[PDB]
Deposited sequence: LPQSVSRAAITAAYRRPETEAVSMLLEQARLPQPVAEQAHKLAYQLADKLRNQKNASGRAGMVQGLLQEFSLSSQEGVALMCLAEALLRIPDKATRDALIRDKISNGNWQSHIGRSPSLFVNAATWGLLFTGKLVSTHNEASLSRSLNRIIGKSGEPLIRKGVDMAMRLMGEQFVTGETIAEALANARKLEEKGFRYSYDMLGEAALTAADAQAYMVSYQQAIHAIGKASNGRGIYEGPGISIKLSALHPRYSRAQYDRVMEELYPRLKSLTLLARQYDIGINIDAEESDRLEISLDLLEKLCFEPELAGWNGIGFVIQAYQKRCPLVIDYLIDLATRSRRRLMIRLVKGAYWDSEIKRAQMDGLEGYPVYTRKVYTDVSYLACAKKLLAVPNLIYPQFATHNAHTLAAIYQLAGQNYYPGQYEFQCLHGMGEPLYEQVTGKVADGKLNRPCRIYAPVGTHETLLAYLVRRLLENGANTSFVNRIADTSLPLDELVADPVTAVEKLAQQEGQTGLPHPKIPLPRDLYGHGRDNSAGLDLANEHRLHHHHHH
């Protein structure tokens, strides 16, 4: 192996105390930068919560719960009567009714300001069995998944693009579907990607890899049983498909991004990337993109490799820095394999520290990397904004977000300074497909949105103060270290696989 490739392999399951300790000073924001990041993060998160005055309304709510010593159930019932009184048209009649003599339709809506279904479930199940369960799972998947899908076909998705593109947003389209099980499956995904590139490229119409739309691909869709595939078959079979798609993207001058999937496929994906970057037909073209996952211990070492690869292959790589979408499966996988450790961190704050350290590394080499900072986290965003320094220029970096998750945060970000925005571009990741391709993506979105460690989950918890929500991760790790006795201890509820 090369020097940088060898270092990747060595860090695979590095002990967490060691990995976190090494990243801390790389992630630490200088005090004035940290202060500016905090104020911006606080401001972004405040406007998120208090959209339609959610906090101020909740304030007046509890203020009346106190002054009368009323319950919360006593609060709703009072508003319901108050609402019915405000529907009496003439004030003299309303006043006279209140004085001389003194319904719950919208009681549910008022309660938002403040057991037998189990029987119905046990009854319905035994009667109708697994077919009812299977249809209910398919149905709930489609209902919950709709908010995350931009269109059923690439033509439909593309037809919706101008609305946000004219506001300064960009797109990366994802043809849903992954983990091809058969040769026919992988061939169908290949044809779907080719069709999509033709459509996106014609719509891009020469706007180029920065301003114009691009595509995101999953290597697992292009090779049957990719999860266990050997190097020889992957190079023989998957790589010609990857090359073919990338040459076509180059012909239309659109970005083509290689998504990151499970951690045991990182190595083969670097082998594919290495070969791709030296294709003569791609010389002098900078549209190749690659995702790296900050929750992996290998991430900073992958960056050193990518920096060297951009230098040797004489290109600027588009690098999407993410935290990562497969954490729950990574933990379970590692516990089943009984190895010396985990390839990912076990405390969420460590992943945040890793992301900040990795972001600094990426921003230091603008000639070699175009960083694409994917996050829905207001502190992460504000930190990157400050770390990128003074004198932003559009080609310095961009943000990215997922369709159906990013809008309220990035509405404050993309657009004119005169309109109160930060004037930084954001590329929306846009899944395209029908219900038959949605399951795996939807599940990952449920895990993301439902975890009590996720920013998008914590910002919806109005009992968590804004200052705790946007707390600096480096300081959080040092507070843990002072309490627990050393830096970077694993999650107490996630022991090592061999324990």
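- No C-alpha positions are given in the record for the deposited-sequence stretches 1-2, 105-118, 131-140, 526-551.
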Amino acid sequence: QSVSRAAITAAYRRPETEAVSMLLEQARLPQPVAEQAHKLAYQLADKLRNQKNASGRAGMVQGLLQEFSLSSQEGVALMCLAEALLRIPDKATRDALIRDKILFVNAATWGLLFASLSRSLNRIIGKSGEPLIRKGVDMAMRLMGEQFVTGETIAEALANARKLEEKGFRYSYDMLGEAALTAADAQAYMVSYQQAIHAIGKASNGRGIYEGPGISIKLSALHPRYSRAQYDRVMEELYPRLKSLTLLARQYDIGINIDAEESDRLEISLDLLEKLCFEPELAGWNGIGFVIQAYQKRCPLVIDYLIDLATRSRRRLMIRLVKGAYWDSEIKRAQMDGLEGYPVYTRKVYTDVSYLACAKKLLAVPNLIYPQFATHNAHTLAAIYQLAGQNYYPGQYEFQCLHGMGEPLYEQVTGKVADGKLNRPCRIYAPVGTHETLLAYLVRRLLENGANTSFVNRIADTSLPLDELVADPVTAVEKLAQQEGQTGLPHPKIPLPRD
From here on, numbers count along this sequence of modelled residues.
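- In this entry, 148-156 has the higher mean Cα B-factor, the comparison being between 210-218 and 148-156.
- Between 160-168 and 90-98, it is 90-98 that carries the larger average Cα temperature factor according to the deposited entry.
- Highest CA B-factor among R427, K127, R225, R314, as stated in the entry: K127.
- Highest CA B-factor among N286, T380, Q230, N423, as stated in the entry: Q230.
- When all modelled residues of the chain are sorted by CA temperature factor, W110 is found within the highest third.
- Per the PDB record, residue ranking by Cα B-factor puts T246 in the lowest third of the chain.
- Looking at the C-alpha B-factors along this chain, the one for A186 belongs to the middle third.
- Among all modelled residues in its chain, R445 ranks in the lowest third by Cα B-factor.
- Ranked by C-alpha B-factor against the other modelled residues of its chain, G338 falls in the highest third.
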